[PDB]
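So here's one chain in two forms, each on its own in structure tokens, numbered structure 1 and structure 2.
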Structure 1
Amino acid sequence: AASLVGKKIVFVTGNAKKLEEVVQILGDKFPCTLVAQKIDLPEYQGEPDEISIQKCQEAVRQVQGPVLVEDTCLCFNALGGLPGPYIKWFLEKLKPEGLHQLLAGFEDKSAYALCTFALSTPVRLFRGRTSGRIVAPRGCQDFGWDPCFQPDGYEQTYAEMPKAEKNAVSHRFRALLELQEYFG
């Protein structure tokens, strides 16, 4: 915790859009300095905690310096929290349009979006979560499942929202707030 002050932290992720968000959802005065190195890291099957812990332990082996990773899950309550940690693949095969069709046989259109950051130099996690409902796609297409996730309290999806608004209310925000709050 205190050890990482003013240090360099290699943030490892291939995803340009999430990195771009993570830079923006903080700034001066985040104590450390981040450095993006794109590496396509291989994730395990199971629970987001276990996955994130292991994903981080994998990054440690390859970078060896101080390191940070993250995982995002889109979890449908109708489907016991699935696709959850496998969302990436469902998005690859179905796209947002299809993700809505996936719940066509269920009344419960509700869901939640989970974001789990993992840190190393004993691994520590920082979790953020937003509840909502899965709808027919509305808005821009340039970032994953945003078009079909309508968060609770709002009449527009994450894709429709101006990035500024999303960055204030999102699952990522919730997690990043833990990360920042941990230092000071």
Structure 2
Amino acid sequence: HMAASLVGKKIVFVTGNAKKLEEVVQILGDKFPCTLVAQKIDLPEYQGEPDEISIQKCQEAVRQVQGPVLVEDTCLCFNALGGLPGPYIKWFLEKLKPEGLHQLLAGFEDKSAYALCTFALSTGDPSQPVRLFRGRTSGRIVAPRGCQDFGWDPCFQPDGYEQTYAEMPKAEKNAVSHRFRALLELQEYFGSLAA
């Protein structure tokens, strides 16, 4: 009943920048039957499995907003490391840089990895559980190529491509993007019949 109950309602998307809100609204498309409104809500970063961290974060956002809320998290997961750095990728990137992220795997033959995006939605009734929407993209960790301003994108090469996320033209990255995939699941949850 969450979806139907949210048709025509404001959902707070937790972000601090309007362009990020714009991207999400465009990806969700004009039949998305809710109004997303950006708000910077201070949320702790939690340790845990990706799903637990997203739920935890969303529950904290519900405590603050006390109404419909949407949060986003993105992991980079190395298969040789059992999915790590995963939700700790921010810290590893900052310390190691794209070059060092690839160096972390020097001792492992398996360079495969996946990018993971999880969105977590609640109606803001704590009596109703958080729903998760995920997207994944399989690839491999490579010595960085492309412009380095783009987070860990220089060291991630999606399967089916000889270019890293940083190298790829935006339209090509979109076509395989873990974030687009996650947003497709959120879109599909509401369906396209209500707007």
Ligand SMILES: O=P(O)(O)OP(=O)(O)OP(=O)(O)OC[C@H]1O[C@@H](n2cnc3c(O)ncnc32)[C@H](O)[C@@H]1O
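Residue indices: 1-based, along structure 1. Superpose the two forms; the largest set of C-alphas matching within 1.5 Å is the rigid core.
- Remark: the form deposited with the named molecule bound is the source of structure 1; structure 2 originates elsewhere.
- Superposed on the core, the two forms differ at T13: its CA moves 2 Å or more between the two structures.
- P42 shows a C-alpha shift below 2 Å between the two structures [criterion: core-superposed Cα displacement of 2 Å].
- Comparing the forms between the two structures on their rigid core, the Cα displacement of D152 stays under 2 Å.
- After superposition on the rigid core, the Cα atom of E165 is displaced by 2.3 Å between the two structures.
- The two forms, fitted on their core, place the C-alpha of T116 0.8 Å apart, compared between the two structures.
- Aligning the rigid core between the two structures leaves the CA of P137 offset by 1.5 Å.
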